[PDB]
């Protein structure tokens, strides 16, 4: 059972150490390996046999081991390094290869950015199928955390809301999605529906209405 802190962080060009805690049966007496898993990709071997790098793994990554603990040092930190890092070792007692639970490395230093908000009303096609979904799209925000509230004629609507977790974009900014399900009767019974997005104390509003 290898234990790693769930998160790590650093700004560009810094050094970040990812740590791995074990026991005499695994790390204490076995060769350690490290894997990098970028979002939506397979793991990649970074280090094997404690400190060795396979061909193509840059010098920036270094592995070490001291007793029942092992460390992955990431120097010259790039935004592309934002990934999950896993330690691994054979365990003689369990008689199996074991993994850490992984550490989610976050790269900081992105300037603060307010959310861009696009709000869509239900399509005619959907209204014909006796359904109504309001689509609130939130993008280009940093830090990656947002609060969503929906309104119908300036009064709060809490029921039938589904909101995604924030996710990082290709450009290192964050995106989120919020959906408002209504019956076509609710959509029409109101003059307008609104999606209010709060990011670091500031609110960005979009409004939509039936034709």
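Positions refer to the first chain, counted from 1.
Of the two segments, 88-96 and 124-132, the one listed with the higher mean B-factor is 124-132 (C-alpha atoms only). Comparing 148-156 with 57-65, the stretch with the higher mean C-alpha B-factor in the PDB entry is 148-156. In the deposited coordinates, the residue among 102, 109, 115, 76 with the greatest CA B-factor is 109. The entry lists C-alpha B-factors for 169, 33, 30, 178, and the highest of these is at 169. When the modelled residues of the chain are ordered by C-alpha B-factor, residue 26 sits in the lowest third. Sorting the modelled residues of the chain by their CA temperature factor places residue 47 in the lowest third. In this PDB entry, residue 165 carries a Cα temperature factor that places it within the middle third of its chain's modelled residues. For residue 16, the recorded CA temperature factor ranks within the middle third of the chain's modelled residues.
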